[PDB]
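Everything on this sheet refers to the single structure shown next.
Quick reminder, even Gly has a Cβ in these numbers, built from the backbone with ideal geometry, and neighbours come from all protein chains shown. Derivation of every value follows stated rules applied to the coordinates shown; laboratory data play no part.
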Amino acid sequence: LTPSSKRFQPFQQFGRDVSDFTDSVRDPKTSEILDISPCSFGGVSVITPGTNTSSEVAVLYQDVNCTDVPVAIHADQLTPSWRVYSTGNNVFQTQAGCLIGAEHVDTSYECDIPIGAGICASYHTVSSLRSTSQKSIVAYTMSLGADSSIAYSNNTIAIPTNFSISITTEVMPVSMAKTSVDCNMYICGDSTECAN
Amino acid sequence: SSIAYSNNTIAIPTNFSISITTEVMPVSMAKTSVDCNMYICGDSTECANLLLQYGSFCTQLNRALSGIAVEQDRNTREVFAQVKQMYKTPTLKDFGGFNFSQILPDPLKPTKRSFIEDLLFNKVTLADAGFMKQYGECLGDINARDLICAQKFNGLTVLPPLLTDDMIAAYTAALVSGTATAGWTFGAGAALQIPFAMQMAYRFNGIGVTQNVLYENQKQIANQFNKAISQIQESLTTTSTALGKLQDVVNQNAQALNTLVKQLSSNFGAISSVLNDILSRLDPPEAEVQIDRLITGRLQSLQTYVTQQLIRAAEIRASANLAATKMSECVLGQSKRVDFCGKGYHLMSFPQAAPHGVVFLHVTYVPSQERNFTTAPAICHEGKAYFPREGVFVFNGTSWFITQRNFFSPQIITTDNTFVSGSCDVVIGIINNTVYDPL
Amino acid sequence: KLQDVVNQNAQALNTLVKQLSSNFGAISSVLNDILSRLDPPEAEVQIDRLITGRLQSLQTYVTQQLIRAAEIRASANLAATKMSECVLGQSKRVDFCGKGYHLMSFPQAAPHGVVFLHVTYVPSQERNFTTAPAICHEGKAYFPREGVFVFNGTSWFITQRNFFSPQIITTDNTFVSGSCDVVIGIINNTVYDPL
Amino acid sequence: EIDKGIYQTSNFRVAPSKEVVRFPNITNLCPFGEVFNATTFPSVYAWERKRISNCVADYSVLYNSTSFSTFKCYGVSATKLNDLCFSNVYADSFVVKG
Ligand SMILES: *[C@@H]1O[C@H](CO)[C@@H](O[C@@H]2O[C@H](CO)[C@@H](O[C@@H]3O[C@H](CO)[C@@H](O)[C@H](O)[C@@H]3O)[C@H](O)[C@H]2NC(C)=O)[C@H](O)[C@H]1NC(C)=O
Ligand SMILES: *[C@@H]1O[C@H](CO)[C@@H](O[C@@H]2O[C@H](CO)[C@@H](O)[C@H](O)[C@H]2NC(C)=O)[C@H](O)[C@H]1NC(C)=O
Ligand SMILES: *[C@@H]1O[C@H](CO)[C@@H](O[C@@H]2O[C@H](CO)[C@@H](O)[C@H](O)[C@H]2NC(C)=O)[C@H](O)[C@H]1NC(C)=O
Ligand SMILES: *[C@@H]1O[C@H](CO)[C@@H](O[C@@H]2O[C@H](CO)[C@@H](O)[C@H](O)[C@H]2NC(C)=O)[C@H](O)[C@H]1NC(C)=O
Ligand SMILES: *[C@@H]1O[C@H](CO)[C@@H](O[C@@H]2O[C@H](CO)[C@@H](O)[C@H](O)[C@H]2NC(C)=O)[C@H](O)[C@H]1NC(C)=O
Ligand SMILES: *[C@@H]1O[C@H](CO)[C@@H](O[C@@H]2O[C@H](CO)[C@@H](O)[C@H](O)[C@H]2NC(C)=O)[C@H](O)[C@H]1NC(C)=O
Ligand SMILES: *[C@@H]1O[C@H](CO)[C@@H](O[C@@H]2O[C@H](CO)[C@@H](O)[C@H](O)[C@H]2NC(C)=O)[C@H](O)[C@H]1NC(C)=O
Ligand SMILES: *[C@@H]1O[C@H](CO)[C@@H](O[C@@H]2O[C@H](CO)[C@@H](O)[C@H](O)[C@H]2NC(C)=O)[C@H](O)[C@H]1NC(C)=O
Ligand SMILES: *[C@@H]1O[C@H](CO)[C@@H](O[C@@H]2O[C@H](CO)[C@@H](O)[C@H](O)[C@H]2NC(C)=O)[C@H](O)[C@H]1NC(C)=O
Ligand SMILES: *[C@@H]1O[C@H](CO)[C@@H](O[C@@H]2O[C@H](CO)[C@@H](O)[C@H](O)[C@H]2NC(C)=O)[C@H](O)[C@H]1NC(C)=O
Ligand SMILES: *[C@@H]1O[C@H](CO)[C@@H](O[C@@H]2O[C@H](CO)[C@@H](O)[C@H](O)[C@H]2NC(C)=O)[C@H](O)[C@H]1NC(C)=O
Ligand SMILES: *[C@@H]1O[C@H](CO)[C@@H](O[C@@H]2O[C@H](CO)[C@@H](O)[C@H](O)[C@H]2NC(C)=O)[C@H](O)[C@H]1NC(C)=O
Ligand SMILES: *[C@@H]1O[C@H](CO)[C@@H](O[C@@H]2O[C@H](CO)[C@@H](O)[C@H](O)[C@H]2NC(C)=O)[C@H](O)[C@H]1NC(C)=O
Ligand SMILES: *[C@@H]1O[C@H](CO)[C@@H](O)[C@H](O)[C@H]1NC(C)=O
């Protein structure tokens, strides 16, 4: 419940939008109009390197700035371990949202876990390597391809003096499992009354 | 149209045009996600418990939608990331008199996209700007409320693509630069450098016209190329429906999401469409009856949405596979398939990024200004029949000549031009003429 | 990819099985329970609820199967095209069979699929040269046929594009068209005459 | 057991723990003693309608005096009546044989 700027007709007690969600209410005691908002603001995504590998995670909040996440997720009502992911030192801002719990490095690698908007995540060793064996979730900009220089000139050509024989492999599905369903068995399988 | 079929008469073009046509192909759509619990029984614990009893349907629906999203990213990667080396944009964008300025990005412009790509990104209206909404933008006045906030309040969100428009523009710039400097060679194996005029002569050979036709008429061909690009830019700058297919994809997705939201107001045989009303009026048993009715209705509508999305994603995937095939066959090579790249004889092709799609500029050779001639299948010299190789016999007004089919260039009939086979009797329409012997 | 197809089918079938334990607003997910507890009328109410739920889940399964079969059919059509064009012929289409210049191809059977071994030619070890569009001999311009004029350190040669094989410039190697003035970048050189 | 990757998660973190109840301040309770305990009641054909407004409907006041052989609610539940506020209520009164 929050204060609202919604303007109400003199006698209407609540307001609803097209989906019939109750957007606003009027307080009977004070006659002020309050906005009602959903408890969960929007989607959150957990990034994990595999429970096999680690128990570390990163959290991505899709619609929020990094300044607004503790309010957006109601950190004061969460457990302290969630509040650890509400705010911190490892906080990064992406066009996908705010990403918390991943170290941001300026090296660009091939995409491993796609965060979005050009940002990927991985499980590299920490750059500092103080423990020399620690590994952290690392967030970086995806590398599109290898940098190459080709020199355009007039009156100069490049001609191959050699060749290689290459054999590559291409895997193609052509079929799937043929399945049959005896719907009478699936629903009311042994019951005569149900079959009727 | 009237075409006059005759024996022993042929039509041969004396001129040509450089034609640049444009082809718009969708390659992806909006990646959407649904928080099922938010959509049905969004803030109600009691309803959520009932939903748990109902089934594992929400896991399956979310799985389907996430598969679709990963497919969208795969589509874009397959179409655009077809080159391993990111060739740098050349400093000088004029090769042999051919102007690549409008195709390539401009260093002075703040935008990293090229001029034509700027026009394209202007053409499509929405480009998913409305779907994204920051925190706190949905609280406001009655006029401030819009459909996107209704989507947010009910668990329907749109995920951003993995590749940024700047990265896609970088891919297309690398492709165009590699074509300008390396030619067709970078498509397979290492990138060999070639002057643009020599690459154009190679393309002309691929069409069937000889190299000298390109080299002698180079200035005219360059001017026609530049004028065709200017016309492309002018047609794009004025309002048009060239990009109607991309807009159609956008509109379909937006309308589907809006219908999904509107279905929540729909009653399904319950006393009310609002869950809180029946919760606050009815005791838990009959409340569970009504709530189960509402759950069934909303689950059914969500399933409808996801099924239509799977079918649409299949259409988009077929389109993206075709676009990848065109990038391989039209951009990294010269295609001998008829009408696959351009209408004429395909010469070369350029990719441009468009919102959720690719635009192909196909450069083709179009014969024109045909002239009628009299022809013979063969020429009887002494006792032997002579057949042209890579040519056709045409009677000019004065004498017989041999010419290439696509371009009228008369040549003397020598023993090198034509080969000998058989005798004069078998051929129908053979005519008497001298065959020059260089020795 | 083959493993993905296998996994999708197995997972869909498992989901179909697990949906039977799912209640659909009936008192019980077990049909025998409501049959043994309730008299036929209210039993028919509950059983109709269960029937509708299970029929819906089965219909979901079959619709997903139709869509997956459409994907597999597109893949199999492409595979048949590749067998026609890569295995029974030599493809001039770029990147349709292999990355390089396609040379030949062999099929191998795989579980519910086919694996194509594409043999291709990949040029390598390129060398830079200086070139000319044409060669002005006496008053006439000479254009190569099936080659490029290339400047070796000593003298001009003509070679094919994909493999460096220098050849002497003879009248058989090159043809004559037009005059030296029109061409841009024409260079003076002798053209050997075999006679 | 989770493989590596990024997964959208549903909200399990935050749940309500407080209830805020906001009713209009109405002091007087509804005149059940006047409506139910009246000297005379009308006939069925001449049935009388009375409007009840600006009051608190607390049926517990009837527990030590009135029996209610029949008490049947249709649109709503009887256990919900204490938690509801009505925009308008009418009372029709008459007498019939059993
Ligand atoms: C190849 O394309 C480039 C486009 O980047 C051409 O450069 C541009 O040429 C136009 C035409 O001159 C210039 O814009 C206009 O010039 C006219 C004068 O004719 C003037 O009245 C207008 O107000 C405007 O200035 C423009 O400055 C110039 N540069 C750029 C970056 O657009 C180029 O001429 C083309 N041909 C080549 C390179 O041979
Ligand atoms: C219902 O209660 C509210 C209190 O919540 C009353 O509002 C108060 O009114 C007095 C007199 O006007 C003010 O001094 C207080 O500041 C008000 N309080 C608030 C919170 O607004 C309201 O008057 C009451 N209504 C009735 C009919 O008694
Ligand atoms: C989140 O941060 C962005 C900046 O990255 C804010 O966007 C700016 O908003 C101000 C105020 O409206 C504008 O003047 C700027 O032009 C915006 N910048 C950009 C790049 O869009 C945004 O308002 C922030 N959101 C919240 C809820 O604080
Ligand atoms: C082929 O057609 C083109 C297009 O009309 C001709 O190019 C024109 O040539 C005239 C002079 O003959 C110039 O004044 C024009 O400016 C040219 N136009 C363009 C667009 O370049 C060309 O001459 C014709 N060639 C032959 C052999 O017929
Ligand atoms: C070449 O000449 C022939 C005439 O000898 C042209 O054929 C005529 O074309 C006109 C065009 O409308 C028709 O109306 C006549 O019926 C045709 N008659 C015959 C006998 O062919 C032919 O069109 C000419 N071709 C070109 C390219 O000009
Ligand atoms: C095709 O026939 C024409 C006559 O219709 C030939 O005419 C040439 O005309 C010019 C100027 O009139 C003369 O200078 C040439 O000497 C003529 N050629 C001769 C006499 O062989 C023309 O040469 C013929 N061949 C073509 C056009 O390739
Ligand atoms: C091309 O077609 C013309 C028109 O039919 C043929 O000319 C005829 O030939 C027959 C057989 O010698 C004569 O009987 C007719 O009198 C001819 N008609 C005319 C109008 O000349 C001609 O023979 C055909 N040419 C070829 C090579 O088949
Ligand atoms: C091409 O020339 C030959 C030889 O001059 C022609 O063959 C002669 O045709 C006439 C008439 O049919 C005969 O009387 C001669 O006996 C033929 N000579 C031989 C050696 O066959 C032939 O007709 C000419 N072709 C055309 C189309 O006129
Ligand atoms: C052929 O020689 C030219 C130089 O004449 C090479 O071009 C240079 O390539 C290097 C490679 O990194 C670049 O750093 C230079 O900037 C280029 N300079 C010029 C003037 O081109 C070319 O790479 C050589 N090609 C091969 C295949 O060795
Ligand atoms: C290309 O130029 C080279 C010189 O850079 C020519 O050199 C040949 O070198 C061998 C051994 O040094 C001699 O035996 C040949 O006689 C030389 N060729 C001559 C003198 O013509 C080479 O021949 C040239 N042509 C190629 C490599 O095809
Ligand atoms: C290939 O490009 C070079 C470099 O621009 C050209 O060399 C220039 O030619 C102009 C015109 O004569 C001169 O004014 C410059 O001084 C030259 N620069 C250098 C560094 O030599 C060359 O002409 C071009 N070759 C062809 C065939 O177009
Ligand atoms: C190829 O050789 C010809 C003939 O020797 C050169 O043409 C001469 O060029 C000079 C300088 O421009 C003139 O003074 C002569 O009058 C020209 N002669 C003729 C017959 O045109 C030509 O320049 C040479 N080409 C190159 C690239 O050096
Ligand atoms: C219904 O109302 C009548 C009238 O008020 C009640 O009768 C009164 O009962 C009280 C005892 O509580 C006596 O002290 C009064 O003298 C009675 N008055 C009259 C006029 O008879 C009666 O008790 C009420 N019944 C109920 C169930 O509330
Ligand atoms: C995953 O668990 C297995 C034990 O079953 C272990 O052998 C393996 O090393 C683990 N993977 C890691 C730690 O990356």
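Which residues, taken from the range B:82-100, are among the aliphatic types (A, V, I, L, M) and out of contact with any helix residue (DSSP H, G or I) (no Cβ under 6 Å at 6 or more places or on another chain)? Steps first, please.
Restricting attention to the range B:82-100, the residues satisfying the condition of being among the aliphatic types (A, V, I, L, M) are B:83, B:86, B:92.
If the condition is that a residue be among the aliphatic types (A, V, I, L, M) and out of contact with any helix residue (DSSP H, G or I) (no Cβ under 6 Å at 6 or more places or on another chain), then B:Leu92 is the only one that fits.
Within the range C:172-195, which residues are within 27 Å of A:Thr161 (Cβ to Cβ) and part of a loop (DSSP other than H, G, I, E, B)?
C:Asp172, C:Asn173, C:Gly185, C:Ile186, C:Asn189, C:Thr190, C:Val191
Determine whether B:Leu214 is away from chain D (no Cβ under 14 Å), hydrophobic (A, V, I, L, M, F, W, C) and either touching a helix residue (DSSP H, G or I) at 6+ places or on another chain (Cβ under 8 Å) or part of a helix (DSSP H, G or I) (or both).
Spelling it out, B:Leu214 is indeed away from chain D (no Cβ under 14 Å), hydrophobic (A, V, I, L, M, F, W, C) and either touching a helix residue (DSSP H, G or I) at 6+ places or on another chain (Cβ under 8 Å) or part of a helix (DSSP H, G or I) (or both).
Which residues, taken from the range B:161-171, are among the hydroxyl-bearing types (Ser, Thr, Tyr) and not in a helix (DSSP H, G or I)?
Across the range B:161-171, the qualifying residue is only B:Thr164.
Condition test on B:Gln199, is it assigned to a helix (DSSP H, G or I), among the polar types (S, T, N, Q) and in contact with a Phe, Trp or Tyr (Cβ under 8 Å, 6 or more places away or on another chain)?
Values: assigned to a helix (DSSP H, G or I): yes; among the polar types (S, T, N, Q): yes; in contact with a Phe, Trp or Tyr (Cβ under 8 Å, 6 or more places away or on another chain): yes.
Yes; evaluated as a whole, the condition is true for this residue.
Which residue pairs have Cβ atoms under 8 Å apart, sit 6 or more places apart or on different chains, and have a first residue in the range B:6-20 that is within 14 Å of chain C (Cβ to nearest Cβ) and a second that is within 16 Å of ligand 6 (Cβ to nearest atom)?
Pairs found: none.
Just for the range A:31-54: of the residues that are under 18 Å from the mean Cα position of the chain (by Cα) and more than 7 Å from chain D (Cβ to nearest Cβ), which one is farthest from A:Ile113 (Cα to Cα)?
Here the residue is A:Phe41.
Regarding B:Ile148, is this residue assigned to a loop (DSSP other than H, G, I, E, B), more than 30 Å from A:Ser149 (Cα to Cα) and within 12 Å of chain A (Cβ to nearest Cβ)?
On the way: assigned to a loop (DSSP other than H, G, I, E, B): no; more than 30 Å from A:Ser149 (Cα to Cα): yes; within 12 Å of chain A (Cβ to nearest Cβ): yes.
The answer is no for B:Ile148.
Just wondering, is there one or more residues in the range B:154-166 that are touching a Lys or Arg at 6+ places or on another chain (Cβ under 9 Å), aliphatic (A, V, I, L, M) and under 30 Å from C:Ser124 (Cα atoms)? Full working, then the answer.
First pass over the range B:154-166, keeping only residues touching a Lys or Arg at 6+ places or on another chain (Cβ under 9 Å): B:158-163, B:165-166.
Next cut, aliphatic (A, V, I, L, M) only: B:158-159, B:162-163.
The next check asks that each one be under 30 Å from C:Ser124 (Cα atoms); those that pass are none.
So far as the range B:154-166 goes, no, none of its residues is touching a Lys or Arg at 6+ places or on another chain (Cβ under 9 Å), aliphatic (A, V, I, L, M) and under 30 Å from C:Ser124 (Cα atoms).
Can you tell me which of (1) out of contact with any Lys or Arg (no Cβ under 8 Å at 6 or more places or on another chain); (2) farther than 26 Å from B:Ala320 by Cβ; (3) not in a loop (DSSP other than H, G, I, E, B) is the one B:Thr91 doesn't meet?
(3)
Condition check: of a type outside the set (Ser, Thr, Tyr), touching a helix residue (DSSP H, G or I) at 6+ places or on another chain (Cβ under 7 Å) and at the interface with another protein chain (Cβ under 8 Å from one of its Cβ atoms). Does B:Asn75 satisfy that? Write out each step before concluding.
Details: of a type outside the set (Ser, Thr, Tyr): yes; touching a helix residue (DSSP H, G or I) at 6+ places or on another chain (Cβ under 7 Å): yes; at the interface with another protein chain (Cβ under 8 Å from one of its Cβ atoms): no.
Considered against the rule, which asks whether it is of a type outside the set (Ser, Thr, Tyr), touching a helix residue (DSSP H, G or I) at 6+ places or on another chain (Cβ under 7 Å) and at the interface with another protein chain (Cβ under 8 Å from one of its Cβ atoms), B:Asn75 comes out as no.
Tell me whether the range B:22-32 contains one or more residues that are part of a helix (DSSP H, G or I), under 30 Å from C:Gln64 (Cα atoms) and not hydrophobic (A, V, I, L, M, F, W, C).
Narrowing the range B:22-32 to residues part of a helix (DSSP H, G or I): none.
Taking every residue of the range B:22-32 in turn, none turns out to be part of a helix (DSSP H, G or I), under 30 Å from C:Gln64 (Cα atoms) and not hydrophobic (A, V, I, L, M, F, W, C).
Of the numbered conditions (1) in contact (Cβ under 8 Å) with a residue 60 or more places away in the chain; (2) among the polar types (S, T, N, Q); (3) within 30 Å of B:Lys262 (Cα to Cα), B:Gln233 satisfies every one except a single condition; which is it?
(3)
For the condition more than 16 Å from ligand 9 (Cβ to nearest atom), under 37 Å from the mean Cα position of the chain (by Cα), at the interface with another protein chain (Cβ under 10 Å from one of its Cβ atoms) and surrounded by 19 or more Cβ atoms within 10 Å (Cβ to Cβ), what is the one hit in C:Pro166, C:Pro133?
Values: C:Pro166 fails: surrounded by 19 or more Cβ atoms within 10 Å (Cβ to Cβ).
Being more than 16 Å from ligand 9 (Cβ to nearest atom), under 37 Å from the mean Cα position of the chain (by Cα), at the interface with another protein chain (Cβ under 10 Å from one of its Cβ atoms) and surrounded by 19 or more Cβ atoms within 10 Å (Cβ to Cβ) holds for just one of C:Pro166, C:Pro133, which is C:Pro133.
Every residue, every condition in (1) among the aromatic types (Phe, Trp, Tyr); (2) within 16 Å of ligand 11 (Cβ to nearest atom); (3) in contact with a helix residue (DSSP H, G or I) (Cβ under 7 Å, 6 or more places away or on another chain), yes or no:
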position: A:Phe14; (1), (2), (3): yes, no, no
position: A:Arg26; (1), (2), (3): no, no, no
position: A:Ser31; (1), (2), (3): no, no, no
position: A:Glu56; (1), (2), (3): no, no, no
position: A:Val59; (1), (2), (3): no, no, yes
position: A:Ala102; (1), (2), (3): no, no, no
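Conditions (1) of a type in the set (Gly, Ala, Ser); (2) in a helix (DSSP H, G or I); (3) over 26 Å from B:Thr296 (Cα atoms); (4) within 16 Å of ligand 7 (Cβ to nearest atom), marked per residue:
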| site | (1), (2), (3), (4) |
| --- | --- |
| B:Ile12 | no, no, yes, no |
| B:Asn15 | no, no, yes, no |
| B:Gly42 | yes, no, no, no |
| B:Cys58 | no, yes, no, no |
| B:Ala64 | yes, yes, no, no |
| B:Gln72 | no, yes, yes, no |
| B:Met86 | no, no, yes, no |
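Being under 17 Å from C:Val62 (Cα atoms), of a type in the set (A, V, I, L, M, F, W, C) and free of Cβ contacts under 8 Å to residues at least 60 places away in the same chain is the filter here; which residues of the range B:280-313 pass it?
B:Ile311
Would you kindly identify the strands (runs of 3 or more DSSP E) lying entirely within the range A:3-66 that contain at least 1 residues that are surrounded by 20 or more Cβ atoms within 10 Å (Cβ to Cβ), without any contact (Cβ under 8 Å) to a residue 60 or more places away in the chain and not aliphatic (A, V, I, L, M)? Break it down into steps so the answer makes sense when it comes.
Values: elements: A:14-16, A:22-26, A:33-35, A:44-48, A:58-61.
Per the criteria, A:14-16, A:22-26, A:44-48, A:58-61.
Can you tell me which residues in the range B:232-251 are exposed (fewer than 11 other Cβ atoms within 10 Å of the Cβ) and not acidic (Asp, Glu)? Talk me through it step by step, then tell me what you get.
First, the residues of the range B:232-251 that are exposed (fewer than 11 other Cβ atoms within 10 Å of the Cβ): B:234, B:238-241.
Scanning the range B:232-251 gives B:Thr238, B:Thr239, B:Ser240, B:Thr241.
For the range C:31-52, enumerate the residues that are more than 9 Å from chain A (Cβ to nearest Cβ), buried (at least 16 other Cβ atoms within 10 Å of the Cβ) and of a type outside the set (A, V, I, L, M).
Within the range C:31-52, C:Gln46, C:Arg49 qualify.
Considering (1) in a loop (DSSP other than H, G, I, E, B); (2) of a type outside the set (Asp, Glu); (3) more than 16 Å from ligand 11 (Cβ to nearest atom), say which one C:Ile158 fails and leave the rest.
(1)
Within the range B:392-414, which residues are within 14 Å of chain C (Cβ to nearest Cβ) and either within 16 Å of ligand 14 (Cβ to nearest atom) or touching a residue at least 40 places away in the same chain (Cβ under 8 Å) (or both)?
Of everything in the range B:392-414, those that are within 14 Å of chain C (Cβ to nearest Cβ) and either within 16 Å of ligand 14 (Cβ to nearest atom) or touching a residue at least 40 places away in the same chain (Cβ under 8 Å) (or both) turn out to be B:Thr403, B:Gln404, B:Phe407, B:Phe408, B:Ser409.
Looking at C:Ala109 and the list (1) in a strand (DSSP E or B); (2) touching a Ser or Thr at 6+ places or on another chain (Cβ under 7 Å); (3) among the small types (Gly, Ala, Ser), which single condition is not satisfied?
It is condition (2) that C:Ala109 fails.
Can you name the residue in the range B:415-439 that is within 14 Å of chain C (Cβ to nearest Cβ) and of a type in the set (D, E, K, R) and, of all such residues, is farthest from ligand 2 (Cβ to nearest atom)?
Taking the candidates together, the pick is B:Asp437.
Condition check: away from ligand 6 (no atom under 16 Å from the Cβ), within 13 Å of chain C (Cβ to nearest Cβ), surrounded by 15 or more Cβ atoms within 10 Å (Cβ to Cβ) and under 30 Å from B:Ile168 (Cα atoms). Does B:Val358 satisfy that? Can you show your working first?
Working: away from ligand 6 (no atom under 16 Å from the Cβ): yes; within 13 Å of chain C (Cβ to nearest Cβ): no; surrounded by 15 or more Cβ atoms within 10 Å (Cβ to Cβ): yes; under 30 Å from B:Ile168 (Cα atoms): yes.
No.
Sort out which residues of the range A:137-180 are within 7 Å of chain C (Cβ to nearest Cβ) and among the hydrophobic types (A, V, I, L, M, F, W, C), and write them in order of number.
A:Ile157, A:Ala158, A:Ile159, A:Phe163, A:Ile165, A:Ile167, A:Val171, A:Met172, A:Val174, A:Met176, A:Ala177, listed by residue number.
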